[PDB]
Amino acid sequence: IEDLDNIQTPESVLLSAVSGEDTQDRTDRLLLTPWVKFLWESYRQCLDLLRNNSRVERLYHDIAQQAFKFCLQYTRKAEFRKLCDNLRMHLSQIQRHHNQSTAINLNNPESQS
RNA sequence: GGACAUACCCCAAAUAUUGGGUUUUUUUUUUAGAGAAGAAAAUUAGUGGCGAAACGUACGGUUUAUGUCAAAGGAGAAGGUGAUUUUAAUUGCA
Numbered sequence: 115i116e117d118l119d120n121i122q123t124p125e126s127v128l129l130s131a132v133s134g135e136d137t138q139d140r141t142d143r144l145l146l147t148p149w150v151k152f153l154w155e156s157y158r159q160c161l162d163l164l165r166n167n168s169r170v171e172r173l174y175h176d177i178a179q180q181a182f183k184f185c186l187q188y189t190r191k192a193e194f195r196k197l198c199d200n201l202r203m204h205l206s207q208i209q210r211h212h213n214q215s216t217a218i219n220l221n222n223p224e225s226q227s
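In the deposited numbering, the protein residues as written are 115 to 227.
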């Protein structure tokens with residue numbers, strides 16, 4: 115529909131072309147970005163609140179891996195936040211050692227694997 | 001010298017503009033996104049009093065006959081007499 119529509123540059127498309135870029139990003143933001151900004155916020159909340167440490171979840175690390183592969187399909191600036199998320203949650207583990215949680219030592223699953 | 005810790009600082013970042021990183025000094029409390037805002041307590045009457053009989057009557061419990069049914073015994077057990085002969089007393093029967 116976007117490159118079905120007449121590209122033959124009118125004034126309204128020419129005026130915005132000192133700041134802006136292509137029509138596909140301009141209208142994909144209207145119908146795709148509210149869904150990928152939901153996928154991000156779905157993943158981050160599933161990690162952060164629910165599975166802080168809690169030893170009994172290999173799913174936590176499954177989600178982390180899946181959400182890293184999600185960044186290869188869509189936006190990248192929601193991947194620096196993902197790194198910082200893993201950094202602070204790892205920092206949160208070996209600072210307290212204070213709940214029925216992950217013992218990151220000889221334990222092959224919850225240290226190596 | 002004034003402002004700054006939810007940093008008024010630091011980094012990161014274009015289709016991105018919101019994520020992280022740090023200073024001490026006091027006390028303070030064991031964690032943090034939850035707990036109070038809904039399923040419960042209670043209530044009773046305008047509930048007449050007293051009260052039989054006729055008729056009717058069950059499963060059972062035990063006593064007494066009764067039929068049939070299981071072991072033990074034909075030494076036993078034990079009932080019946082004018083089949084007999086003499087005789088005073090005791091115990092007696094063959």
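Where a beta carbon is used, it is the ideal one built from N, C-alpha and C, also for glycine.
Rounded straight-line distance, which links the Cα of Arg143 to that of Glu224:
39 Å
Local Cβ density within 10 Å of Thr147, reported as buried at 16 or more and exposed below that
exposed
DSSP-derived helix/strand/coil call for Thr137
If DSSP states are grouped into helix, strand and coil, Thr137 belongs with the helices.
Please classify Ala178: does DSSP put it in a helix, a strand, or coil?
helix
Would you report the Cα separation of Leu129 and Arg172, rounded to the nearest angstrom?
52 Å
Do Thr137 and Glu155 have their beta-carbon atoms positioned less than 7 Å apart in this structure?
no
Contact check, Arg158 vs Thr216 under 8 Å by CB: the rounded distance?
Not quite, the Cβ-Cβ distance comes to about 19 Å (not below 8 Å), so this is no contact.
Taking just the CA atoms, how far does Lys151 sit from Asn200?
19 Å
Please confirm whether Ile177 and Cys198 have their CB atoms less than 7 Å apart.
no
Looking only at its chain, what residues have a beta carbon closer than 7 Å to the beta carbon of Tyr188, apart from the 5 residues adjacent to it on each side?
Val150
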